[PDB]
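**Q** Input: one structure, supplied below.
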Amino acid sequence: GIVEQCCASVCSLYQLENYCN
Amino acid sequence: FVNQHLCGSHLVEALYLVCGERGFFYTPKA
Ligand code: NI
């Protein structure tokens with residue numbers, strides 16, 4: 001998941017917006 | 001914006017900044 005990608009790899013702030021309500 | 005390496009509490013901080021008053025779900029794997 002995202003928690004995982006951002007830590008094991010990298011992620012963008014735009015990918016994080018996918019988790020907003 | 002740039003890509004980020006975010007683990008643990010740092011990821012939660014980023015979600016907070018990105019989502020602000022919209023809120024967010026923090027949903028780690030099993
Ligand atoms: Ni730290």
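Ordering of the structure tokens sets the chain letters (A, B, ...); residue numbers start at 1 within each chain; ligands are numbered from 1 in the order shown.
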Using DSSP secondary structure from the backbone, list all alpha helix (DSSP H) positions within chain B, as an NGL selection string.

**A** :B and (9-19)

**Q** Write the residues of the selection above to a file with N, CA and C atoms, as a short mmCIF file (atom, residue, chain, number, x, y, z; two decimals), in the first residue's frame.

**A**
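Wrote again18.cif, looks like this:
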data_model
loop_
_atom_site.label_atom_id
_atom_site.label_comp_id
_atom_site.auth_asym_id
_atom_site.auth_seq_id
_atom_site.Cartn_x
_atom_site.Cartn_y
_atom_site.Cartn_z
N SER B 9 5.95 7.88 11.54
CA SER B 9 5.27 9.12 11.91
C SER B 9 5.47 10.23 10.85
N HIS B 10 6.57 10.20 10.13
CA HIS B 10 6.80 11.17 9.07
C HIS B 10 5.75 11.07 7.95
N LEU B 11 5.25 9.86 7.68
CA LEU B 11 4.24 9.69 6.64
C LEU B 11 2.96 10.31 7.15
N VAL B 12 2.63 10.12 8.42
CA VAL B 12 1.41 10.68 9.00
C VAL B 12 1.46 12.20 8.95
N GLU B 13 2.62 12.76 9.26
CA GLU B 13 2.79 14.22 9.14
C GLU B 13 2.52 14.72 7.73
N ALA B 14 3.00 13.99 6.72
CA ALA B 14 2.77 14.40 5.36
C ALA B 14 1.32 14.33 4.95
N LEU B 15 0.66 13.26 5.36
CA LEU B 15 -0.80 13.14 5.12
C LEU B 15 -1.56 14.27 5.73
N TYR B 16 -1.23 14.59 6.98
CA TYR B 16 -1.84 15.75 7.63
C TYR B 16 -1.63 17.01 6.78
N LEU B 17 -0.42 17.27 6.32
CA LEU B 17 -0.17 18.48 5.54
C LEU B 17 -0.92 18.46 4.23
N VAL B 18 -0.95 17.32 3.55
CA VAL B 18 -1.61 17.24 2.26
C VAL B 18 -3.11 17.39 2.36
N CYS B 19 -3.71 16.82 3.39
CA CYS B 19 -5.17 16.66 3.43
C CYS B 19 -5.82 17.73 4.24
#

**Q** Return as a PyMOL selection string the residues belonging to chain A that are within 7 Å of chain B, counting only C-alpha atoms.

**A** chain A and resi 1+3+6-7+9-13+16-17+19-21
